[PDB]
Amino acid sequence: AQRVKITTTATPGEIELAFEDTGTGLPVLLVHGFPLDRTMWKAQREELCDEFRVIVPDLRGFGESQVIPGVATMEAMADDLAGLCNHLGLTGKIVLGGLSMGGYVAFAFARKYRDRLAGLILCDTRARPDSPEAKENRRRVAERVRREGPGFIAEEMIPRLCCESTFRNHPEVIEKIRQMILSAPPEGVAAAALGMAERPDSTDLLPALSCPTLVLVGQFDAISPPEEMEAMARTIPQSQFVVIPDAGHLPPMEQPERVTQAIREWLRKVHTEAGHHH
């Protein structure tokens, strides 16, 4: 892995990001969910790097990246991604993928950096903003995690993050996810919770998208259910919708091979070298 100070248009202007960068050629950036880290995309990074250059950062406040206290807006996280791509000399187009909060970041990136997208991968996410109660629950989480740490978040979220088959067949996956949550920096968790609460409604952004989009959801996702994600996909032009069987909210971890294959086959169609040159 790498750790670099990048220049970002968001406050505070410079931030240290930890990231993986594996493979050569056409760039695919994968953005983790809340309150996880870059390791949730490990299988896809390790497999897709035979064909693509896969960049997987820890977002501000997560994993090994710098923690910026206050509010970490989705826009700021997108600005950081643009700054990372700038640092790396990836100033043309990328494919940007995100899961859950990472999807929110992807929408913020599409708003501001549309000409930098060859494609979007939206996993287990939604375009609507938080409802008022959901916003308040963000704030409650933020205020508590600063003091108590994320154990209470793991307790609440783990049963909702993965399907029954994952608990049975892959207890090691459950434990990896649990350790991601338990290790998440408290002030980073708080800042991102507050940022999610104030994110805009991206519903109307979707019909205005101008790149191919893959929408992926676990069959048993309890947080962003497949029915809702299918409806979201029907608002996005040039979309492909895939349900991953026997996965909940975290298909990349729960059904890694199925996710890798879905992404690989779509990338082959959408993210070509001639498209990069011209």
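Residue numbers run from 1 along the displayed sequence.
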188 to 196 or 111 to 119, whichever carries the higher mean Cα B-factor: 111 to 119
Comparing 126 to 134 with 87 to 95, the one whose average Cα B-factor in the PDB entry is higher: 87 to 95
For residue 28, the third of its chain into which the C-alpha B factor falls: lowest
Residue 252 - which third its CA temperature factor falls in, relative to the rest of the chain: lowest
Within-chain third of residue 201 by Cα B-factor, per the entry: middle
Record-listed C-alpha B factor of residue 38: chain third: lowest
Position of residue 237 among the chain's modelled residues by C-alpha B-factor, lowest, middle or highest third: middle
